[PDB]
Each structure stands twice: as C-alpha cells, then as structure tokens.
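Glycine gets a Cβ as well: all are built from the backbone with ideal geometry, and neighbour counts include every protein chain shown. The values are calculated or read from the model by the stated rules, or taken from the named source; none is laboratory data.
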Amino acid sequence: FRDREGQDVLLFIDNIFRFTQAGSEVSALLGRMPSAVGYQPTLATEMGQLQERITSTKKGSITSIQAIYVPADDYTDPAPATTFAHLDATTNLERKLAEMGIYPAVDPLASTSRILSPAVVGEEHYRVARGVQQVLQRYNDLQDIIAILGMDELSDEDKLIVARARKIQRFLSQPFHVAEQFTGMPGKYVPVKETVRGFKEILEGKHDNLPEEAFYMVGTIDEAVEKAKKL
Amino acid sequence: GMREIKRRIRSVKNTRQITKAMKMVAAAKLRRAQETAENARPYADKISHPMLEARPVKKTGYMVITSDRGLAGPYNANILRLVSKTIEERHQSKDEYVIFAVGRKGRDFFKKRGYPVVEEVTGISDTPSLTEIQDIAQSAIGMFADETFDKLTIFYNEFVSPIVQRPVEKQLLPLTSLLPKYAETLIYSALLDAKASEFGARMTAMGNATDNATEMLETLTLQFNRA
Amino acid sequence: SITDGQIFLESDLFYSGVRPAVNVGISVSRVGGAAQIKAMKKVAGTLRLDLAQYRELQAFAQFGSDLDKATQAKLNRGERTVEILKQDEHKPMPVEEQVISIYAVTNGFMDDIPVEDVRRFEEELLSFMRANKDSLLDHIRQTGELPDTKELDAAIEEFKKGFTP
C-alpha cells in the first residue's frame, strides 16, 4: 500500500519485544554466540532489518505503532534498548488517567515525540504544546506544594494556572468513533490546526470562566462552550 | 512513569531542603525577638488626658499587623480573616475605617480589595529596633491627636505558645486603667509581640512543612520503582 | 577514558524543552580554554562560577524570600544566565556574537531586565551590533580579546535602558 497504491499505511506490531525474543530462540537453535545476556549476536541487525523497512519513502507511507511490553520491566535490557533506538515517539497509556475518566488515557507528560520541533510542527503548535506541558508540569509542582504547605499561601496566579491545568487535562480527552457503539458521543476527529488553537485559548485565559467539566469529552474548543451550558 | 514523577520527587526533595532550613531560622530569628521583647518590659513598665479619655465615636482607625515576606502557615491569613469579619459589622457606613497596614502581606490584601489604607509601612525588620514605626505609630497617634480618629486599634497577632498564636485586636489610643509615648510604646509592645508570633507561627509551619515533605515523598517513591 | 572530555546531555533537560539539553555541571573539556580565544576565555571564566552557584540555590526555586543576602543577587541573575545558554536548533552563533551576548549578561546588563525577556534582549542586542557596533565585533574577529571595554559597556547601554521590557 505504500509502494503500489502510494498511501500512508499504519502497521501495528503487538509485542515487538516478543519478536526480538523469537530472534534469540532461533539463534540458539542455530548454535550461535550468544550475547552475555542471552540474546542473539544479531539482535540489532535483525531489528534494523525489520525497522528500516518501516519508513517514509518518496511515494511516502508506513508508520508503525509498536506495543512494547517486556515482562521484566527493565527497559535497559538489550531487547528493549534496541527497539528504542528506532522509536520516534512514545505513547503512554496510564491506568491513573483511565480510572480518572480521561479515556484516550495518554500521559501528556510521559508521552513524547522527536518531531515535536518547531521545525516540524511550526513555532505556534510547538509553543502551545510546550505551553500545555509547562502548565501540566506546574500543576504537579503545586500539587506537591498544597500537599506540604496547604492551599494556604497559593499565589492567585498559581491558584489560577491550576484551574487551567484541570481544563487542559480534560480538553485532552475526546470521544472516539470506535467507542460510539458503547458511549456514542459520537466520535470526534480534531485537526491539529484546531487542537493547537484550542489549547492556545485555554492557555491565554480565554475560557477561565467556563466550568471545568465542560472540556471533558468534546472535540474542538467550539464544542466546549456548547457544553458550558449544562449544570 | 519513569521520568517526571522523579521531577515531582526531586522538587519535593528540594522543598524539603529549604522548609527545614527555614524552620531552623524561624526559631533562630523569632526567639531573639523575645529578647528584644522582654527588654521593652523595663521601660514598658516605668509608668481628662490630652484627650485620650473616652470620647465618641465617628471615624475610627485600624492598624493591622502582618508579616511581610511571609511563609508562616495561616498566621497572616487568619488575621486578615478577622479584620475582614469584624469590620463587616462596623461598615454599614462609608467612613471606610482606614487601616495602617504594617507588613507587606496585609498591605497587598488591602490594596486588592478596597479598604483602603492611609499608610503602608514598607519592610517590617525582625529586630525591629527604635527607628522603624515611630512613623506609623507616631502618625497613627497623630491622627487621634487632632482628631480624625475617635479611636485607634491594632490587629496584633498575639503570641501564646510557639505552637499557637491568636488573632487579637486591642484598642490603643482611647486609654484604659504630654505623655502619650505610652501609646507609641504600646505599639512597640504589639509590633514586638507580632513578631515572635509570626516566626513562632513560622517554624511550626516549617516543621509541619518538613514532615509533610518526607511523608509525601515516601508516597511518591512507590512510583519511582513499580510501574 | 579515551576521549579528552565529554558533553553530557541530560534527558530531563531535553523534555523540559531546555536546548541544548547540555549538563554543563558534569560536562567538561580536558583541553580547556587552551582552545578558546582570549575574549571568550575571559567572559566565560566568571560564568563557570556563575551558574555553579545557581546550581545550589536552584533548590529554592519558586520561593524568593531570602531578600538581600546570597539571594536575587546570585539566584535571580543565575536564572538570567541559563537563558542565554538556551539556543535554537541549527542556529550556530559566531564566536563574536556569543562573546558579546555572554558579556552582556555576565556584566549585569540583564539584571534590570526581566527573565522571560532575556532571550529576546540577546537576540536583539546582537542584531543591533551587527549593523552598528561592527567595529567592536570585527575587533574580536581580529585577534579576538574583545577589549575597548567601557566603550563596550557604553555601546551596550546605548542599546540598553531596555525601552521594551
């Protein structure tokens, strides 16, 4: 579909880690080295041989979403290490956010992308995102502050950028088409153009006055004012 | 779950660093004040008026004391709490009270929510020595001395233990049970008492502060390891 | 143990948007100022110390209370230095410009200036020299030790005064 058909295909590999581990078994079976940690002599090579075909050609395309589990939870292990060498972004599903309501339960702070340069997404998008990041980070700092200093002595501004964090945190959730058949919102697809704008207004303080449960599960910021008219 | 919950960790660590080192000072500093307090006693003791005899009853003046540059838990947000509860019934008039805001934390309160404030004494000092409020004191008297004040008053943050200190409001100028230097030193008496209490209140919030960090840290640390 | 020093890149810094995500603290050049023009070797000398001190007092982050001591004298001006260290991708700065820029902040010309305002005050200080005080700039391109200081400080102050903080 990339080469013929020239499209931007997906390709999900669930447990790519299992893949490199299949690599180790076969290698042993072939009576190879192996590394002092058990793995194939050709761990990296084999990974590269797979990963390197997943790329944006001039006909353009393939973007792999790879589930990485590894039971041991050591991500310094050669297997995860190698895979990571290829990653260009990580999405981090967070149990905490899930049991909190945010249902694309993606950790805004933990997730990262190497193409979050102003060079790739432009200065505005970049600055809005670095903007949302700092707010959410600040939210955590203040979180620990009130923990150990109470909401007593909380700068009216600090107290202010806590409300914007709670709204951002909520405006980061959104109804999925795929979830329709249960929730049924229905789905929402939100262009970055509009996402950036959305969070830019929240950051500029253009919607402090709105109730915080008004950003939960909306599409565009336009949809959030619609819902600031309930409760 | 392996990055900026360690930021939360390191930051909470640092906060822990300083609240205890300032807990050290709250008692370093505001015990000294006790010395520079019970010293007044001596001269604080040697003891129809110019008019500082009970008269009625129009425009009254307040003098509310607070920390400037504060980090003393509630003991600063619950004395403002009290001028802003007691004047709530003493304001069905637009005489507008007028306060002498000593200390920058009470100062700012009073210029955000109109009050207004006829005087705002710059930067407290922690001694606080002899040349420091012999203005606002002197001129808070000077406004009873002819005669825009029918009564003066401080909002004193009185010092019980270093563990507690109570919002108190005394009355100064209309005395009780040529020589009103008494009033001026009375204001010493409180300005001096108001100090102990603040740091008295400050180490108490700093220990609690330290502790609260430790605890909270020991919560955070579970996340440092178990994904 | 093979090379002659290392530049460490803190991961923490990079996801704080700080760029380059260099950890100047633990990072070093064993060769040192031997490979460093006199001008830079000078203005930097102080700067090593500058944010070394700012490293310790860093902990007192959003708690500006210590007043007058080792306070906003060190700390506050340390926050300023950390701004001129930041630097956009693919924007190498010519030594000369680096040197003025550093000297500007290191000699307190940023201290009366804000902190969200340091980055632009630098970008605009240099653009001001490139078109005007090139005399000073080219002087550093030729056996670059910078001098004519005070004329330098004057030239700066004739752009200084903020007028847009």
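When the residues of the stretch C:36-71 are narrowed to those that are of a type in the set (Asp, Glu) and surrounded by 14 or more Cβ atoms within 10 Å (Cβ to Cβ), which ends up farthest from the other protein chains (Cβ to nearest Cβ)?
Filtering first and then ranking leaves C:50.
Can you tell me which of (1) surrounded by 13 or more Cβ atoms within 10 Å (Cβ to Cβ); (2) part of a loop (DSSP other than H, G, I, E, B) is the one residue C:96 doesn't meet?
The one condition residue C:96 does not meet is (2).
Does residue C:62 satisfy the condition of being polar (S, T, N, Q), within 11 Å of the chain's Cα centre (by Cα) and either more than 21 Å from residue C:39 (Cβ to Cβ) or assigned to a helix (DSSP H, G or I) (or both)?
no
Of the conditions (1) surrounded by fewer than 21 Cβ atoms within 10 Å (Cβ to Cβ); (2) under 26 Å from residue B:102 (Cβ atoms), residue B:191 fails just one. Which one is it?
(1)
Select from the stretch A:65-82 the residues that are over 16 Å from residue A:37 (Cα atoms) and in contact with a helix residue (DSSP H, G or I) (Cβ under 8 Å, 6 or more places away or on another chain) and list them in ascending order.
Scanning the stretch A:65-82 gives A:66, A:67, A:68, A:69.
Among the residues of the stretch A:184-224, write down those that are in contact with a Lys or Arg (Cβ under 9 Å, 6 or more places away or on another chain), more than 18 Å from residue A:108 (Cβ to Cβ) and aliphatic (A, V, I, L, M).
A:210, A:214
Quick one: which residue in B:218, B:184, B:158 is surrounded by 15 or more Cβ atoms within 10 Å (Cβ to Cβ), in the same structural domain as residue B:41 (by CATH), on the phi < 0 side of the Ramachandran plot and not hydrophobic (A, V, I, L, M, F, W, C)?
Just one listed residue meets the conditions, B:184.
Within the stretch B:1-42, count every residue that is among the acidic types (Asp, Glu) and either within 11 Å of another protein chain (Cβ to nearest Cβ) or more than 17 Å from residue B:195 (Cβ to Cβ) (or both).
1
Within the stretch B:127-155, work out how many residues are in a helix (DSSP H, G or I) and surrounded by fewer than 17 Cβ atoms within 10 Å (Cβ to Cβ).
Residues meeting the conditions: 3.
Scanning the stretch B:43-70 for residues that are out of contact with any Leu (no Cβ under 8 Å at 6 or more places or on another chain) and of a type in the set (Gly, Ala, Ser), which turns out nearest to the other protein chains (Cβ to nearest Cβ)?
B:70
Of the residues that make up the stretch C:2-14, is at least one polar (S, T, N, Q) and within 12 Å of chain B (Cβ to nearest Cβ)?
yes
Looking only at the stretch A:104-112, decide whether some residue is touching a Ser or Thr at 6+ places or on another chain (Cβ under 8 Å), polar (S, T, N, Q) and under 28 Å from residue A:63 (Cα atoms).
Yes.
What is the residue count in the stretch B:156-168 for residues that are of a type in the set (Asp, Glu) and either over 11 Å from the mean Cα position of the chain (by Cα) or assigned to a loop (DSSP other than H, G, I, E, B) (or both)?
0
Which residue is farthest from the other protein chains (Cβ to nearest Cβ), if the candidates are limited to the stretch A:86-116 and must be under 29 Å from residue A:55 (Cβ atoms) and of a type in the set (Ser, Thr, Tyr)?
Taking the candidates together, the pick is A:91.
Looking for something within 12 Å of another protein chain (Cβ to nearest Cβ), under 30 Å from residue B:73 (Cβ atoms), touching a helix residue (DSSP H, G or I) at 6+ places or on another chain (Cβ under 7 Å) and among the charged types (D, E, K, R) - is there at least one such residue anywhere in the stretch A:150-168?
yes
Within the stretch B:52-72, take every residue that is of a type in the set (A, V, I, L, M) and surrounded by 15 or more Cβ atoms within 10 Å (Cβ to Cβ) and give me the one that is farthest from residue B:106 (Cα to Cα).
B:52
Which pairs turn up if I take residues in the stretch A:1-13 that are within 8 Å of residue A:64 (Cβ to Cβ) and look for partners that are surrounded by 13 or more Cβ atoms within 10 Å (Cβ to Cβ) with beta carbon separation below 6 Å, at least 6 apart in sequence or on another chain?
Pairs found: A:11/A:62; A:11/A:64; A:13/A:66.
State the number of residues belonging to the stretch B:71-106 that are away from chain A (no Cβ under 14 Å) and outside any helix (DSSP H, G or I).
Of the residues in that region, 14 qualify.
Assess whether residue B:218 counts as being under 20 Å from residue B:79 (Cβ atoms), within 14 Å of chain A (Cβ to nearest Cβ) and either assigned to a loop (DSSP other than H, G, I, E, B) or of a type in the set (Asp, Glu) (or both).
No, not satisfied.
Can you confirm whether the stretch A:31-48 contains a residue that is surrounded by fewer than 14 Cβ atoms within 10 Å (Cβ to Cβ) and of a type in the set (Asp, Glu)?
The answer is no; no qualifying residue exists.
Just one of (1) within 14 Å of another protein chain (Cβ to nearest Cβ); (2) of a type in the set (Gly, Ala, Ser); (3) outside any helix (DSSP H, G or I) trips up residue A:147, so point out which.
Going through the list (1) within 14 Å of another protein chain (Cβ to nearest Cβ); (2) of a type in the set (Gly, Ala, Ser); (3) outside any helix (DSSP H, G or I), residue A:147 breaks only (3).
Could you list all residues from the stretch C:104-159 that are within 20 Å of residue C:74 (Cα to Cα), surrounded by fewer than 20 Cβ atoms within 10 Å (Cβ to Cβ) and not hydrophobic (A, V, I, L, M, F, W, C)?
Those that are within 20 Å of residue C:74 (Cα to Cα), surrounded by fewer than 20 Cβ atoms within 10 Å (Cβ to Cβ) and not hydrophobic (A, V, I, L, M, F, W, C): C:107, C:108, C:111, C:112, C:114, C:116, C:117, C:119.
Considering only the stretch A:117-135, I want to know if a residue exists there that is part of a loop (DSSP other than H, G, I, E, B) and more than 14 Å from chain B (Cβ to nearest Cβ).
Checked against the condition, which is being part of a loop (DSSP other than H, G, I, E, B) and more than 14 Å from chain B (Cβ to nearest Cβ), the stretch A:117-135 yields at least one hit.
Which of the residues spanning the stretch B:98-126 are of a type in the set (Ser, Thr, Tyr) and buried (at least 19 other Cβ atoms within 10 Å of the Cβ)?
The answer is B:115, and nothing else.
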